[PDB]
Amino acid sequence: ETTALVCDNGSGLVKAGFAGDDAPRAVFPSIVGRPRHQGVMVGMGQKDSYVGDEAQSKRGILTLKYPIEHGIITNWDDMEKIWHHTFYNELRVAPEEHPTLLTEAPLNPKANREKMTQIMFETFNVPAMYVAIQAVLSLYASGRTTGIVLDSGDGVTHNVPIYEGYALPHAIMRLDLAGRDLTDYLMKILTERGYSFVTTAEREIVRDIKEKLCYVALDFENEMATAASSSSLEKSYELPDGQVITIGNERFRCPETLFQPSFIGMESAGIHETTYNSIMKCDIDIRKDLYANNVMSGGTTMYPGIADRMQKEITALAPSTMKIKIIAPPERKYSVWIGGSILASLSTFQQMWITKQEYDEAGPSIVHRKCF
Amino acid sequence: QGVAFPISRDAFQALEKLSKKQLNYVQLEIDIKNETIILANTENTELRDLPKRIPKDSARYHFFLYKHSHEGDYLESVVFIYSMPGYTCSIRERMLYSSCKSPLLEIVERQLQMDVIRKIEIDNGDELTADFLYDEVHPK
Ligand SMILES: Nc1ncnc2c1ncn2[C@@H]1O[C@H](COP(=O)(O)OP(=O)(O)OP(=O)(O)O)[C@@H](O)[C@H]1O
Ligand SMILES: [Ca+2]
């Protein structure tokens, strides 16, 4: 037993863990914090930085940053801290003893893949490591090699057509709207309902509301009308001290924002339109199978009724005689991570790792050749 | 791409014989625990009984000699099929079938000169009708 680590680094959350486990052991915010101003902060500890949960608790003392913007790594100093923290603090492992699988976003620059492998080998001294495309891992996990993945996480929503294990970069759509935007709109319209959520302690509370009560309407105006003229679909939410507030049309208006981004000002096609456009940018031929295999991944696709709604919208955009299916696995919230764990635990995967010797001889990249 | 499970001796002989048109159908399966590709079935199969060959409760790989006419020509072209019935399969079954595909296709091609004309991914193989298969191989 040497054991492989699997890391799926997203904009909002890190999912991390041991290959062969069926769920990620560590899930914590992809947040790095540093002293708010120059001199001596109080009570900054004996430390120059915090990561994850600690960084949230001390938000008042630190300046908070996300090193992964829209799936891409844009702050490497801070990204090193998240990795360090993942190994030592979250996982309790010594990186040099463990093969590490890492995941990457759509449209990720080749140079980024290289510095990523570089840092793993140079700064963390992993014996072996390997890099996999998130979207492909989820597709494969659903039991298919061709289809169009709709990955929607915390800061980005991607539409990614994949043929035979290969993402088609020219047809990949990016939409900068996801979970963190949805929590904030839920916060806004809940406060307009006469409650008050400003406030980072409260944002947490709204995230839980959002995650437990929200749903996607099959027909939105039907549902708005079904709510205005009846108290039928009103769930009550237990505040953590004891107050009880009543939540109504917010319950579906919030993720409606996915299909109707004008809701938060933004001029942009909705997820149904972006997944249609993505498809449309491919072969006339391949299109058939894209439609037939829409896979969904990521926490922001976890809303009830999202699958069916997509079915409705896609159909309405497609040639009438089109075979359309959405696949929304129960495991889709960590399907990217589960797929890496499954892969990195196989004996037959031992000879697929990029090794230190391979990297020395050289160098970083190795990565484009050996991983795809 | 991707993960190479050793193809068993028996399996390899079936595939070889398919390459020479001595067999018309060869079905394979993955042994999850052993990380191995093993021979499931080589029962002689005509188009009209192909649907019956495709399990409805676990995922399989298939190589099928598709005898048919195309505008003057009688063609006997090898079709590959990856069948996956859905959540009756475990995540691990799904990942392995999906992940072990490309290397299996690579060996058959480079070592047996199989001339896989088309690869198809299907849910159950009720789908595998006469016109379906002709449209896959010979689109418009
Ligand atoms: N049951 C749920 N319903 C709705 N949203 C959810 C649910 N569970 C998690 N989420 C949301 O999903 C987001 C996190 O998902 P994920 O981990 O896939 O994103 P990420 O990988 O951090 O970000 P990205 O992929 O955009 O870079 C959070 O905004 C979270 O509130
Ligand atoms: Ca993600």
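In each ligand, atom 1 is the first atom listed, and ligand 1 is the first ligand listed. Side chains are part of it too, since the values below use all heavy atoms of this structure and drop only hydrogens, waters and symmetry mates. Throughout, a chain's letter reflects where its sequence line sits, starting with A, and its residues are numbered from 1.
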* **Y50(A) versus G45(A), closest heavy-atom pair with distance** => OH-N, 3.3 Å
* For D151(A) and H158(A), test the side chains for any donor-to-acceptor distance below 3.5 angstrom and give the result as yes or no. => no
* To do: Indicate whether the side chain of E164(A) and that of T146(A) have a donor and an acceptor atom separated by less than 3.5 Å.
  => no
* Under 3.5 Å, is there a donor-acceptor pair between the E114(A) and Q118(A) side chains? -> no
* Structure fact -> ligand 1 to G12(A), heavy atom cutoff 4.0 Å, flagged ligand atoms 22 (O), 23 (O)
* Contact check: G155(A) vs ligand 1, nitrogen or oxygen atoms, below 3.5 angstrom -> yes
* If you have a sec, work out which protein heavy atom is nearest atom 2 (C) of ligand 1 and how many Å separate them, to one decimal? => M302(A) CB, 3.6 Å
* To do: Considering the heavy atoms of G10(A), write down every atom of ligand 1 situated less than 4.0 Å from one of them.
  => 20 (P), 21 (O), 22 (O), 27 (O)
* Got the closest protein heavy atom to atom 29 (O) of ligand 1, with its distance? -> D154(A) OD1, 2.6 Å
* **Atom indices of ligand 1 within 4.0 angstrom of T300(A) heavy atoms, with elements** => 12 (O)
* Structure fact -> Under 4.0 Å between heavy atoms, the region of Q134(A) that gets near ligand 1 turns out to be neither
* Structure fact -> In this structure, atom 13 (C) of ligand 1 is nearest to the protein heavy atom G153(A) O, 3.5 Å
* **ligand 1 versus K210(A): contacting region, heavy-atom distance under 4.0 Å** => side chain
* Structure fact -> Nearest non-hydrogen protein atom to atom 21 (O) of ligand 1, with distance, is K15(A) NZ, 2.5 Å
* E121(B)-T145(A) side chain donor-acceptor pair, cut-off 3.5 Å -> yes
* Could you tell me whether some N/O pair between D151(A) and ligand 1 is separated by less than 3.5 angstrom? => no
* **Nearest protein heavy atom with distance in Å, relative to atom 9 (C) of ligand 1** => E211(A) OE2, 3.4 Å
* Asked: Tell me the ring-ring contact (aromatic ring centres under 6.0 Å, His included) pairs involving residues 193-216 of chain A, sequence neighbours left out?
  -> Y215(A)-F252(A)
* To do: For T274(A) and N159(A), test the side chains for any donor-to-acceptor distance below 3.5 angstrom and give the result as yes or no.
  => yes
* **Atom of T301(A), atom of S152(A) and distance for their closest heavy-atom approach** => CG2-CB, 3.8 Å
* Identify the closest protein heavy atom to atom 14 (C) of ligand 1: which residue and atom is it, and at what distance? -> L13(A) CD1, 3.9 Å
Below 3.5 Å, can you tabulate the donor-acceptor pairs from side chains in residues 309-317 of chain A to any protein atom, sequence neighbours excluded?
| residue | atom | partner | partner atom | Å |
| --- | --- | --- | --- | --- |
| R309(A) | NE | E313(A) | OE2 | 2.9 |
| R309(A) | NH1 | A217(A) | O | 2.7 |
| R309(A) | NH1 | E256(A) | OE1 | 3.1 |
| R309(A) | NH2 | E256(A) | OE1 | 3.2 |
| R309(A) | NH2 | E256(A) | OE2 | 3.3 |
| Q311(A) | NE2 | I324(A) | O | 2.8 |
| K312(A) | NZ | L218(A) | O | 3.4 |
| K312(A) | NZ | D219(A) | OD2 | 3.4 |
| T315(A) | OG1 | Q311(A) | O | 2.9 |

* Minimum non-hydrogen distance to atom 27 (O) of ligand 1, winning option of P29(A), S11(A), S297(A), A105(A) -> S11(A)
* Protein contact to atom 15 (O) of ligand 1 [nearest heavy atom, distance to 0.1 Å] -> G299(A) N, 3.4 Å
* Do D154(A) and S11(A) have a side chain donor and acceptor closer than 3.5 Å? -> no
* Asked: Which atoms from ligand 1 have a heavy atom of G179(A) less than 4.0 Å away?
  -> 29 (O)
* To do: Please determine if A178(A) has a nitrogen or oxygen closer than 3.5 Å to a nitrogen or oxygen of ligand 1.
  => no
* Answer yes or no: does an N/O atom from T183(A) fall short of 3.5 Å to an N/O atom of ligand 1? => no
* Can you tell me the protein heavy atom closest to atom 8 (N) of ligand 1 and the distance? -> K333(A) CE, 3.2 Å
* Where ligand 1 meets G298(A) - atom numbers and elements under 4.0 angstrom, heavy-atom basis -> 18 (O)
* To do: Go through the side-chain N and O atoms of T246(A) and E234(A) and say whether any donor and acceptor fall under 3.5 Å apart.
  => no
* Report yes or no: is the cationic atom of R251(A) (NZ for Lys, CZ for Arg) under 6.0 Å from the centre of the six-membered ring of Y237(A), at an angle within 45° of the ring normal? => no
